[PDB]
Amino acid sequence: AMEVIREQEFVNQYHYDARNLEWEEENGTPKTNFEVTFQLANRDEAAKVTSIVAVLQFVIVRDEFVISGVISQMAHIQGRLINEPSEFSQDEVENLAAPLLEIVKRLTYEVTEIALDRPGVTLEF
Amino acid sequence: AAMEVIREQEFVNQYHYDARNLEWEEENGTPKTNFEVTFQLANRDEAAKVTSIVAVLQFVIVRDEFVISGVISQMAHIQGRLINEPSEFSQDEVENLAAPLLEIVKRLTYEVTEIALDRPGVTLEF
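Residues numbered from 1 in each chain as written, not as in the entry; some residues may be left out. Chains lettered and ligands numbered in written order. Heavy atoms only, no water.

Looking at the entry header, you'll see X-ray crystallography listed as the method and 2.10 Å as the resolution.

The record lists the entry's title as "The crystal structure of a protein of unknown function from Streptococcus agalactiae".

In structure tokens:
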């Protein structure tokens, strides 16, 4: 497993929107989707560290609501020079995205618990 | 001598959290924290002495790190009153009616800023 020192997660965007069935009728029913992409920062050849920002963009559709947004985090991968994200395995992409999904999971549980006056919705992915 | 209200569950239409983008706002307009609350006659039961009212809160909260915005509604069934227009409400009646909307925005903002900034949650006082 890949060794990573991570900076503080950054919440670019988190939107909670009640579903509007009329909007959906005009623009389509939204579909739950997660996409992890990357912004390369640098390689440090001397240190053998690659710094890259991992970026999670999401739309999560449930009965009453749609949640959408983007979370990101700077990652400093130790003992690894990487030139492009096509070089990451599925496990590695999952590893780099794990803290991002967890922020989404945390925000969603708390927001839904208050908004729907119910126990918070717990996303499993 | 207070107003007797039976309320439906608060309805969160929109609650939006966006990281502050100072590049954009600088020529697109810098926002102020503000709330607007309005009240709408939904209907009546004048035999039962009841006015049903929709309270709607629209809000923007600006801090260094973020803009939060959205719209919260609640249905309120006012007992023992037959209101013809919303301006009949007194300041304390409006305060009463708006309070649960503001408390929702307060709770949402605390949990979200607590998680987003990882730093003690922002506690709004209106």
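Take helix α2 (residues 91–118) of chain B next. Across its 28 residues, α2 of chain B extends 37 Å between first and last C-alpha, which sits within 8% of the 40 Å expected from 1.5 Å per residue. Remark: the principal bend of α2 of chain B, roughly 40 degrees, maps to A98 of chain B, with a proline, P100 of chain B, within the next four residues. (Helix = DSSP H or I, 4+ residues; strand = E, 2+ residues; numbered from the N terminus. Expected span 1.5 Å × (residues − 1). Bend = angle between axes of the 7 residues up to and from the residue.)

Our focus in this paragraph is the side chain of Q73 of chain A. All names here are of chain A. Here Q73 lies in strand β5 (residues 65–78). A polar atom in the side chain of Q73 sits 2.7 Å from the backbone oxygen of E7. When near neighbours in sequence (up to four residues on either side) are disregarded, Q73 contacts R6, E7, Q8, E9, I52, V53, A54, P99 and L100. (Polar contact = N/O pair within 3.5 Å; in protein donor to acceptor, adjacent residues only side chain to side chain. Contact = heavy atoms within 4.5 Å.)

A few words now on the pattern of salt bridges. Counted by the stated rule, this structure contains eight salt bridges over all chains. For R19 of chain A, the salt bridge goes to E24 of chain A, with nearest N and O atoms at 2.9 Å. Between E65 of chain B and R119 of chain B there is a salt bridge whose closest N-O contact spans 3.2 Å. With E65 of chain B in the loop between β4 (50–63) and β5 (66–79) and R119 of chain B in the segment after α2, this residue pair connects regions lying 54 residues apart in the sequence. A relative accessible area of 32% means that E65 of chain B is categorised as partly exposed. On the accessibility criterion, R119 of chain B (36% relative accessible area) is partly exposed. (Salt bridge = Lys/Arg side-chain N within 4 Å of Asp/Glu carboxyl O. Buried < 20%, exposed > 50% of the residue type's maximum accessible area, 1.4 Å probe, protein only.)

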